[PDB]
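Colleague: Got coords_33.csv for you, CSV, C-alpha atoms and all ligand atoms:
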chain,number,residue,atom,x,y,z
T,1,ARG,CA,0.0,0.0,0.0
T,2,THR,CA,1.2,3.5,-0.9
T,3,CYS,CA,-0.4,6.9,-0.2
T,4,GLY,CA,1.0,10.3,-0.8
T,5,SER,CA,-0.2,12.0,2.4
T,6,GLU,CA,2.7,11.7,4.8
T,7,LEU,CA,3.4,14.3,7.4
T,8,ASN,CA,7.1,13.7,8.3
T,9,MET,CA,7.3,16.4,11.0
T,10,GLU,CA,11.2,16.1,11.3
T,11,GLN,CA,11.5,16.8,7.5
T,12,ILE,CA,9.0,19.6,7.5
T,13,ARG,CA,10.6,21.4,10.4
T,14,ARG,CA,14.0,21.3,8.8
T,15,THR,CA,12.9,22.3,5.3
T,16,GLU,CA,9.6,24.3,5.5
T,17,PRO,CA,9.4,26.4,8.8
T,18,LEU,CA,6.2,28.2,7.7
T,19,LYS,CA,4.4,24.9,7.1
T,20,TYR,CA,5.8,23.5,10.4
T,21,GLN,CA,4.4,26.6,12.2
T,22,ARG,CA,1.0,26.2,10.5
T,23,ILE,CA,0.9,22.5,11.7
T,24,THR,CA,2.0,23.3,15.3
T,25,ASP,CA,-0.5,26.2,15.4
T,26,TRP,CA,-3.2,23.8,14.0
T,27,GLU,CA,-2.4,21.3,16.8
T,28,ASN,CA,-2.4,24.0,19.5
T,29,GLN,CA,-5.8,25.4,18.3
T,30,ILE,CA,-7.8,22.1,18.2
T,31,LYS,CA,-10.6,21.9,21.0
T,32,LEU,CA,-11.9,18.3,21.0
T,33,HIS,CA,-14.4,18.8,24.0
T,34,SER,CA,-16.0,22.0,22.6
T,35,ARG,CA,-19.7,22.6,23.3
T,36,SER,CA,-20.3,23.6,19.6
T,37,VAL,CA,-19.2,20.2,18.0
T,38,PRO,CA,-22.5,18.9,16.6
T,39,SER,CA,-23.9,15.7,18.2
T,40,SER,CA,-25.9,14.7,15.1
T,41,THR,CA,-24.9,12.9,11.9
T,42,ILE,CA,-22.6,15.0,9.8
T,43,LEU,CA,-23.6,15.0,6.1
T,44,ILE,CA,-21.0,15.2,3.4
T,45,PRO,CA,-22.0,16.0,-0.3
T,46,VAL,CA,-19.6,14.1,-2.6
T,47,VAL,CA,-18.8,14.6,-6.2
T,48,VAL,CA,-16.7,12.0,-7.9
T,49,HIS,CA,-14.6,13.1,-10.8
T,50,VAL,CA,-13.8,10.2,-13.1
T,51,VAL,CA,-10.8,11.3,-15.2
T,52,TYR,CA,-10.1,8.7,-17.8
T,53,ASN,CA,-7.6,8.1,-20.6
T,54,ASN,CA,-9.0,4.7,-21.6
T,55,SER,CA,-12.1,2.6,-21.0
T,56,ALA,CA,-10.7,0.7,-18.0
T,57,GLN,CA,-10.4,4.1,-16.2
T,58,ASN,CA,-14.0,5.1,-17.0
T,59,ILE,CA,-15.3,3.1,-14.1
T,60,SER,CA,-19.0,2.3,-13.7
T,61,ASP,CA,-21.7,4.2,-11.7
T,62,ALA,CA,-22.2,0.9,-9.8
T,63,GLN,CA,-18.5,0.9,-8.9
T,64,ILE,CA,-18.7,4.4,-7.6
T,65,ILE,CA,-21.9,3.8,-5.7
T,66,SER,CA,-20.2,0.9,-3.9
T,67,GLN,CA,-17.5,3.2,-2.7
T,68,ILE,CA,-20.0,5.6,-1.3
T,69,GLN,CA,-21.6,2.6,0.5
T,70,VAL,CA,-18.2,1.6,1.9
T,71,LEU,CA,-17.6,5.1,3.2
T,72,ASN,CA,-21.0,5.0,5.0
T,73,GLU,CA,-20.2,1.7,6.5
T,74,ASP,CA,-16.7,2.6,7.8
T,75,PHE,CA,-17.5,6.1,9.0
T,76,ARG,CA,-20.7,4.8,10.9
T,77,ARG,CA,-19.2,1.5,12.2
T,78,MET,CA,-21.6,-0.5,10.0
T,79,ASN,CA,-18.8,-2.5,8.3
T,80,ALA,CA,-19.5,-6.2,8.7
T,81,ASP,CA,-15.8,-6.9,9.3
T,82,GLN,CA,-16.1,-5.0,12.6
T,83,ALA,CA,-16.6,-8.6,13.8
T,84,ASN,CA,-12.8,-8.9,13.1
T,85,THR,CA,-11.8,-6.1,15.5
T,86,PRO,CA,-9.8,-7.8,18.3
T,87,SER,CA,-11.8,-7.7,21.6
T,88,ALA,CA,-8.8,-5.9,23.2
T,89,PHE,CA,-9.3,-2.9,20.8
T,90,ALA,CA,-13.2,-3.2,20.5
T,91,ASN,CA,-13.8,-0.7,23.4
T,92,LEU,CA,-11.8,1.9,21.5
T,93,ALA,CA,-13.6,1.5,18.2
T,94,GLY,CA,-15.4,4.7,17.1
T,95,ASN,CA,-18.5,5.5,15.1
T,96,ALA,CA,-17.8,8.8,13.3
T,97,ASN,CA,-21.5,9.3,12.6
T,98,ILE,CA,-20.6,10.9,9.2
T,99,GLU,CA,-22.7,10.2,6.2
T,100,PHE,CA,-21.7,10.6,2.6
T,101,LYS,CA,-24.1,11.2,-0.2
T,102,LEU,CA,-23.5,11.8,-3.9
T,103,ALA,CA,-24.4,15.4,-4.8
T,104,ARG,CA,-27.6,16.1,-6.7
T,105,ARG,CA,-27.0,19.8,-7.4
T,106,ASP,CA,-23.9,21.0,-9.1
T,107,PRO,CA,-22.2,24.4,-8.2
T,108,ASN,CA,-24.2,26.3,-10.9
T,109,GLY,CA,-27.5,24.8,-9.6
T,110,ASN,CA,-28.0,22.2,-12.3
T,111,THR,CA,-29.2,18.7,-11.5
T,112,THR,CA,-26.4,16.0,-11.3
T,113,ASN,CA,-26.0,12.4,-10.2
T,114,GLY,CA,-22.7,13.5,-8.4
T,115,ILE,CA,-20.4,11.9,-11.0
T,116,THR,CA,-18.4,13.8,-13.5
T,117,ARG,CA,-16.7,12.1,-16.4
T,118,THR,CA,-13.8,13.7,-18.2
T,119,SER,CA,-11.8,12.2,-21.1
T,120,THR,CA,-8.1,13.2,-21.0
T,121,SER,CA,-4.9,12.8,-23.1
T,122,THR,CA,-2.9,12.5,-19.9
T,123,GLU,CA,-1.7,8.9,-19.5
T,124,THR,CA,-0.7,9.1,-15.8
T,125,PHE,CA,-1.4,11.8,-13.2
T,126,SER,CA,1.1,13.2,-10.8
T,127,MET,CA,0.6,13.9,-7.2
T,128,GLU,CA,3.3,16.6,-7.3
T,129,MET,CA,1.6,18.5,-10.1
T,130,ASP,CA,-2.0,17.9,-8.7
T,131,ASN,CA,-2.8,18.0,-12.5
T,132,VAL,CA,-5.9,15.8,-12.0
T,133,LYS,CA,-7.6,18.7,-10.1
T,134,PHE,CA,-7.4,21.2,-13.0
T,135,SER,CA,-9.3,21.2,-16.3
T,136,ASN,CA,-6.5,23.1,-18.0
T,137,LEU,CA,-3.9,20.5,-16.9
T,138,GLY,CA,-6.0,17.6,-18.2
T,139,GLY,CA,-8.0,16.8,-15.1
T,140,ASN,CA,-11.2,18.4,-13.8
T,141,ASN,CA,-11.7,21.5,-11.7
T,142,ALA,CA,-12.9,21.0,-8.1
T,143,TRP,CA,-16.5,21.9,-7.2
T,144,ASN,CA,-16.7,24.5,-4.4
T,145,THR,CA,-14.6,22.7,-1.7
T,146,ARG,CA,-16.3,24.5,1.1
T,147,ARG,CA,-19.6,22.6,0.1
T,148,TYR,CA,-18.5,19.4,-1.6
T,149,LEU,CA,-16.0,16.6,-0.9
T,150,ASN,CA,-14.3,16.2,-4.3
T,151,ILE,CA,-13.0,12.7,-5.0
T,152,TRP,CA,-11.0,12.4,-8.2
T,153,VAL,CA,-10.5,8.9,-9.7
T,154,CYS,CA,-7.7,8.5,-12.2
T,155,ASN,CA,-4.7,6.6,-13.3
T,156,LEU,CA,-2.1,7.4,-10.6
T,157,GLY,CA,0.2,4.5,-11.6
T,158,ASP,CA,1.1,1.1,-10.1
T,159,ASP,CA,2.8,2.6,-7.0
T,160,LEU,CA,0.3,5.2,-5.6
T,161,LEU,CA,-3.1,4.1,-4.4
T,162,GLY,CA,-4.4,7.6,-3.5
T,163,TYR,CA,-3.6,10.8,-1.7
T,164,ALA,CA,-5.5,13.5,0.2
T,165,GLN,CA,-5.0,17.1,1.1
T,166,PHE,CA,-5.0,17.8,4.9
T,167,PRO,CA,-7.3,20.4,6.5
T,168,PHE,CA,-4.3,22.6,7.7
T,169,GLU,CA,-3.7,23.3,3.9
T,170,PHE,CA,-7.3,24.3,3.2
T,171,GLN,CA,-6.7,28.1,3.8
T,172,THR,CA,-3.7,28.2,1.5
T,173,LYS,CA,-4.8,25.7,-1.2
T,174,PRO,CA,-8.6,25.6,-1.2
T,175,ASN,CA,-8.9,24.7,-4.9
T,176,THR,CA,-7.1,21.3,-4.4
T,177,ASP,CA,-8.8,20.2,-1.2
T,178,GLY,CA,-10.2,16.7,-1.6
T,179,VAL,CA,-9.0,13.1,-2.3
T,180,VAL,CA,-7.6,11.3,-5.3
T,181,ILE,CA,-7.9,7.6,-5.7
T,182,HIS,CA,-6.3,5.2,-8.2
T,183,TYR,CA,-9.1,3.9,-10.5
T,184,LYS,CA,-8.0,0.2,-9.9
T,185,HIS,CA,-8.7,0.6,-6.1
T,186,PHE,CA,-12.1,2.5,-6.1
T,187,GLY,CA,-15.3,0.8,-4.9
T,188,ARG,CA,-15.8,-2.7,-3.5
T,189,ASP,CA,-15.2,-5.8,-5.6
T,190,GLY,CA,-16.3,-5.3,-9.2
T,191,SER,CA,-13.4,-3.6,-11.1
T,192,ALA,CA,-11.3,-3.0,-8.0
T,193,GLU,CA,-8.0,-5.0,-7.9
T,194,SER,CA,-7.2,-7.2,-4.9
T,195,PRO,CA,-5.9,-6.8,-2.2
T,196,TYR,CA,-7.2,-3.2,-2.3
T,197,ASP,CA,-10.7,-4.2,-3.5
T,198,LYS,CA,-12.8,-3.3,-0.5
T,199,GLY,CA,-13.0,0.5,-0.9
T,200,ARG,CA,-10.6,1.1,2.0
T,201,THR,CA,-8.1,3.3,0.0
T,202,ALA,CA,-10.9,6.0,0.0
T,203,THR,CA,-11.7,5.4,3.7
T,204,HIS,CA,-8.1,5.9,4.5
T,205,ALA,CA,-7.8,9.0,2.2
T,206,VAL,CA,-11.0,10.5,3.6
T,207,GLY,CA,-9.6,10.0,7.1
T,208,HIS,CA,-6.6,12.3,6.0
T,209,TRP,CA,-9.1,14.9,4.5
T,210,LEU,CA,-10.7,14.7,8.0
T,211,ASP,CA,-7.4,15.5,9.7
T,212,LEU,CA,-6.1,12.1,10.5
T,213,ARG,CA,-2.4,11.1,10.1
T,214,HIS,CA,-0.8,7.7,9.4
T,215,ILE,CA,-0.9,5.8,12.7
T,216,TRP,CA,2.8,5.1,12.8
T,217,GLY,CA,3.7,8.8,12.7
T,218,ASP,CA,5.5,9.1,9.2
T,219,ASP,CA,8.8,8.8,10.9
T,220,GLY,CA,10.5,6.0,8.9
T,221,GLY,CA,10.0,3.4,11.7
T,222,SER,CA,11.1,5.3,14.8
T,223,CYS,CA,9.1,5.7,18.0
T,224,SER,CA,9.4,9.6,17.8
T,225,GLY,CA,6.7,10.6,15.3
T,226,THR,CA,3.1,10.7,16.3
T,227,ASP,CA,-0.4,10.7,14.8
T,228,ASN,CA,-1.5,13.0,17.7
T,229,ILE,CA,-4.2,10.3,18.8
T,230,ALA,CA,-3.6,8.9,22.3
T,231,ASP,CA,-5.8,5.8,21.7
T,232,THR,CA,-3.9,4.6,18.7
T,233,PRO,CA,-0.8,2.8,20.2
T,234,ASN,CA,2.6,4.2,19.4
T,235,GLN,CA,3.9,2.4,16.4
T,236,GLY,CA,7.2,2.1,14.7
T,237,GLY,CA,6.7,1.9,10.9
T,238,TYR,CA,3.7,1.0,8.8
T,239,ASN,CA,2.2,-2.5,8.7
T,240,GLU,CA,1.5,-4.1,5.3
T,241,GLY,CA,-0.4,-7.2,4.4
T,242,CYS,CA,-2.2,-8.7,7.3
T,243,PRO,CA,-0.2,-9.3,10.5
T,244,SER,CA,-1.4,-11.7,13.2
T,245,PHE,CA,-3.1,-10.3,16.3
T,246,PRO,CA,-1.4,-9.3,18.6
T,247,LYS,CA,1.6,-7.7,16.8
T,248,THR,CA,4.0,-6.0,19.1
T,249,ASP,CA,6.9,-3.8,17.9
T,250,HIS,CA,9.7,-1.8,19.5
T,251,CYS,CA,7.3,1.1,20.2
T,252,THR,CA,4.4,-0.9,21.8
T,253,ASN,CA,6.1,-4.1,22.9
T,254,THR,CA,3.3,-5.6,25.1
T,255,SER,CA,-0.1,-7.1,24.1
T,256,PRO,CA,-2.4,-5.9,22.6
T,257,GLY,CA,0.4,-4.3,20.6
T,258,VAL,CA,-0.1,-2.0,17.5
T,259,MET,CA,-3.5,-1.3,15.8
T,260,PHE,CA,-2.5,-2.6,12.4
T,261,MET,CA,-6.2,-3.0,11.6
T,262,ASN,CA,-6.8,0.8,11.9
T,263,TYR,CA,-7.8,2.4,8.6
T,264,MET,CA,-4.9,4.8,8.9
T,265,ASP,CA,-2.3,1.9,8.6
T,266,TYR,CA,-1.0,0.4,5.3
T,267,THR,CA,-2.5,-3.1,5.6
T,268,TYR,CA,-4.7,-4.8,3.1
T,269,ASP,CA,-8.2,-3.4,2.8
T,270,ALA,CA,-9.7,-6.7,4.2
T,271,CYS,CA,-7.4,-6.4,7.2
T,272,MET,CA,-8.7,-3.0,8.4
T,273,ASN,CA,-11.9,-2.6,10.4
T,274,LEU,CA,-11.9,0.4,12.7
T,275,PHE,CA,-11.3,4.0,13.5
T,276,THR,CA,-10.8,4.8,17.2
T,277,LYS,CA,-12.9,7.1,19.4
T,278,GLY,CA,-9.9,9.5,19.5
T,279,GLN,CA,-9.8,9.6,15.7
T,280,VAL,CA,-13.5,10.2,15.6
T,281,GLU,CA,-13.3,13.2,18.0
T,282,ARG,CA,-10.6,14.7,15.7
T,283,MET,CA,-12.7,14.2,12.6
T,284,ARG,CA,-15.9,15.6,14.0
T,285,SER,CA,-14.1,18.7,15.5
T,286,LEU,CA,-13.7,20.0,11.9
T,287,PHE,CA,-17.5,20.6,11.9
T,288,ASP,CA,-17.6,22.6,15.1
T,289,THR,CA,-20.4,25.1,14.4
T,290,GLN,CA,-18.2,28.0,15.9
T,291,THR,CA,-14.6,27.3,14.7
T,292,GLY,CA,-14.7,24.1,12.6
T,293,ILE,CA,-12.8,24.6,9.3
T,294,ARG,CA,-15.4,22.5,7.4
T,295,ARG,CA,-18.5,23.9,9.2
T,296,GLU,CA,-19.8,25.6,6.1
T,297,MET,CA,-20.3,22.1,4.5
T,298,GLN,CA,-23.3,21.4,6.8
T,299,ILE,CA,-25.2,24.6,5.7
T,300,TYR,CA,-26.4,23.3,2.3
T,301,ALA,CA,-25.5,19.6,2.6
T,302,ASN,CA,-29.2,18.7,2.6
T,303,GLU,CA,-30.1,20.9,-0.4
T,304,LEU,CA,-27.1,19.7,-2.4
T,305,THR,CA,-27.8,16.0,-1.8
T,306,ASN,CA,-31.6,16.1,-2.6
T,307,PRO,CA,-32.8,15.7,-6.2
T,401,CA,CA,-1.1,7.4,18.5
T,402,CA,CA,6.7,5.6,14.3
T,403,ZN,ZN,-2.3,7.8,3.9
Once more with this new file: its structure as structure tokens, please.
Ligand SMILES: [Ca+2]
Ligand SMILES: [Ca+2]
Ligand SMILES: [Zn+2]

Modeller:
Amino acid sequence: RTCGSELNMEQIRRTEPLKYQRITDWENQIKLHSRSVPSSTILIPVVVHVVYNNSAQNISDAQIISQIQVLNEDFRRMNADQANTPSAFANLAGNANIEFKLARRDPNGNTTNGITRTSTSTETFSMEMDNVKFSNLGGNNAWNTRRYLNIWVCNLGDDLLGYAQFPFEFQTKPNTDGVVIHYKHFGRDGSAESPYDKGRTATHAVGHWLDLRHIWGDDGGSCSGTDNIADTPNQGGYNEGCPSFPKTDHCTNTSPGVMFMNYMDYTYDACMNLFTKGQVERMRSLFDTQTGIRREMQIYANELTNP
């Protein structure tokens, strides 16, 4: 598994002090136990931009709808494989109470099914250029990122499964906010290629878009980086595949060990089955009705997701 949304804090501090200051300011300013975090289901209008250079990349509506279903299961703890969560970690599992719905009104007020399809001469898209997010670079412009979650689906290449933009970048880069997913790994079963065939590449990416970091701290394997979530055990490097429970490492060397089945690890889709309650608090805090960076998304979410 490969994702382009690392936050290697040691590297950022050494090379980009303004970015480092923005992240530390971000972490100092989060108020998880605020009275103005909504208690109700948070509704997210989604628009999926299919950007395709061949027929394989022009994935079906059924395939896209299955991804929306997977997001609703994972973000509402309605995933059947929650039965796989070790009992030692089950008391920490969270229900984000976030719902996703394809948009039914586009930004100019036209009716839509929430899926855009754009043909392109670009053979492979680059995370560095973010070219998939711009019509003039062969991709497709984002839809008002204060009101829609944009999910681009394209050919990212054999190595990258997806990438997201973090919320601390929203103020400086609002037009590229959203998530990009490799077309081979979008939706559940169907055209999705094993072992990333259960729609978890988007769950993981959407977690980044909702302020979560890789559980091991993007620190090359050390015990020094953090994901800023206390209820995710300190972890060395990423886990891949599907380890056996319990897996201990040099950072958490006692049972129940590391939470390799967390969506924010790098394990196979079928190996993942939970967010924690700490991760859920972080995600929902973005919708704080007083200071939540994504609070405007709830104002017209109902109108934008009704035909
Ligand atoms: Ca942690
Ligand atoms: Ca680590
Ligand atoms: Zn990631």

Colleague: Write out as a count of residues only each polymer residue whose atoms come within 12 Å of residue 252 in chain T, counting all atoms listed in the file; drop sequence neighbours fewer than 5 positions from it.

Modeller: 15

Colleague: Between CA of residue 85 in chain T and CA of residue 261 in chain T, what is the distance in Å, rounded to a tenth?

Modeller: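 These two atoms are separated by 7.5 Å.
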
Colleague: Set the cut-off to 7 Å, count all atoms listed in the file, and list whatever residues fall near ligand CA 401 (chain T) as a list in words.

Modeller: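 These are the residues that qualify: residues 215, 226, 227, 228, 229, 230, 231, 232, 233 and 234 of chain T.
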
Colleague: Up to 9 Å from (-5.1, 15.4, 7.2) in the file's coordinates: name the residues, counting all atoms listed in the file, as a list in words.

Modeller: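 Output: residues 5, 6, 7, 164, 165, 166, 167, 168, 169, 205, 206, 207, 208, 209, 210, 211, 212 and 213 of chain T.
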
Colleague: List the spatial neighbours of residue 256 in chain T as a ChimeraX atom specification - criterion: any atom at most 9 Å away, all atoms listed in the file, same-chain residues fewer than 5 positions off excluded.

Modeller: /T:86,88-89,245-248

Colleague: Compare T:262, T:201, T:244, T:140 by their minimum atom-to-atom distance to ligand ZN 403 (chain T), counting only C-alpha atoms and all ligand atoms, and give me the closest one.

Modeller: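 Under the stated criterion, the closest residue is T:201.
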
Colleague: From the list T:172, T:254, T:239, T:302, which residue is nearest ligand CA 402 (chain T) when using only C-alpha atoms and all ligand atoms?

Modeller: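 Closest residue, counting only C-alpha atoms and all ligand atoms: T:239.
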
Colleague: Counting all atoms listed in the file, which residue out of T:3, T:78, T:181, T:30 sits closest to residue 57 in chain T?

Modeller: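 Result for the nearest residue to residue 57 in chain T: T:181.
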
Colleague: Figure out the distance between CA of residue 225 in chain T and atom CA of ligand CA 402 (chain T), please, to one decimal in Å.

Modeller: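 Separation between atom CA of ligand CA 402 (chain T) and CA of residue 225 in chain T: 5.1 Å.
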
Colleague: CA of residue 108 in chain T and CA of residue 127 in chain T are how many Å apart?

Modeller: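 Computing the Euclidean distance for CA of residue 108 in chain T and CA of residue 127 in chain T yields 28.0 Å.
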
Colleague: Have a look at T:91, T:54, T:84, T:203 and name the one nearest to ligand ZN 403 (chain T); count only C-alpha atoms and all ligand atoms.

Modeller: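 Among T:91, T:54, T:84, T:203, it is T:203 that comes nearest to ligand ZN 403 (chain T).
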
Colleague: From the set T:53, T:72, T:111, T:171, which residue has the shortest atom-to-atom contact distance to residue 123 in chain T, counting only C-alpha atoms?

Modeller: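 Distance minimum relative to residue 123 in chain T lands on T:53.
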
Colleague: Identify which of the residues T:148, T:134, T:275, T:170 lies closest to residue 122 in chain T, counting all atoms listed in the file when measuring atom-to-atom distances.

Modeller: T:134

Colleague: Which residues of range 29-65 of chain T sit at most 8 Å from range 98-107 of chain T, using all atoms listed in the file? Give each one's shortest atom pair and distance in Å (one decimal place), in chain and ascending residue order, as JSON lines.

Modeller:
{"residue": "T:41", "atom": "CA", "partner": "T:98", "partner_atom": "CA", "distance": 5.5}
{"residue": "T:42", "atom": "CA", "partner": "T:98", "partner_atom": "CA", "distance": 4.6}
{"residue": "T:43", "atom": "CA", "partner": "T:99", "partner_atom": "CA", "distance": 4.9}
{"residue": "T:44", "atom": "CA", "partner": "T:100", "partner_atom": "CA", "distance": 4.7}
{"residue": "T:45", "atom": "CA", "partner": "T:103", "partner_atom": "CA", "distance": 5.1}
{"residue": "T:46", "atom": "CA", "partner": "T:102", "partner_atom": "CA", "distance": 4.7}
{"residue": "T:47", "atom": "CA", "partner": "T:103", "partner_atom": "CA", "distance": 5.8}
{"residue": "T:48", "atom": "CA", "partner": "T:102", "partner_atom": "CA", "distance": 7.9}

Colleague: List as a ChimeraX atom specification: which residues have an atom within 8 Å of (-31.4, 9.4, -5.6), counting all atoms listed in the file?

Modeller: /T:104,113,306-307

Colleague: Please, which residues in range 207-296 of chain T fall within 10 Å of range 191-195 of chain T when counting all atoms listed in the file, and what is the closest atom pair and distance in Å to one decimal for each, ordered by chain then residue number, as JSON lines?

Modeller:
{"residue": "T:241", "atom": "CA", "partner": "T:195", "partner_atom": "CA", "distance": 8.6}
{"residue": "T:267", "atom": "CA", "partner": "T:195", "partner_atom": "CA", "distance": 9.3}
{"residue": "T:268", "atom": "CA", "partner": "T:195", "partner_atom": "CA", "distance": 5.8}
{"residue": "T:269", "atom": "CA", "partner": "T:195", "partner_atom": "CA", "distance": 6.5}
{"residue": "T:270", "atom": "CA", "partner": "T:195", "partner_atom": "CA", "distance": 7.4}
{"residue": "T:271", "atom": "CA", "partner": "T:195", "partner_atom": "CA", "distance": 9.5}

Colleague: Take the residues from that selection and write them out as an mmCIF file, in the coordinates of the input, keeping C-alpha atoms.

Modeller:
data_model
loop_
_atom_site.group_PDB
_atom_site.id
_atom_site.type_symbol
_atom_site.label_atom_id
_atom_site.label_comp_id
_atom_site.auth_asym_id
_atom_site.auth_seq_id
_atom_site.Cartn_x
_atom_site.Cartn_y
_atom_site.Cartn_z
ATOM 1 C CA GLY T 241 -0.400 -7.200 4.400
ATOM 2 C CA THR T 267 -2.500 -3.100 5.600
ATOM 3 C CA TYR T 268 -4.700 -4.800 3.100
ATOM 4 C CA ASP T 269 -8.200 -3.400 2.800
ATOM 5 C CA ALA T 270 -9.700 -6.700 4.200
ATOM 6 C CA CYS T 271 -7.400 -6.400 7.200
#
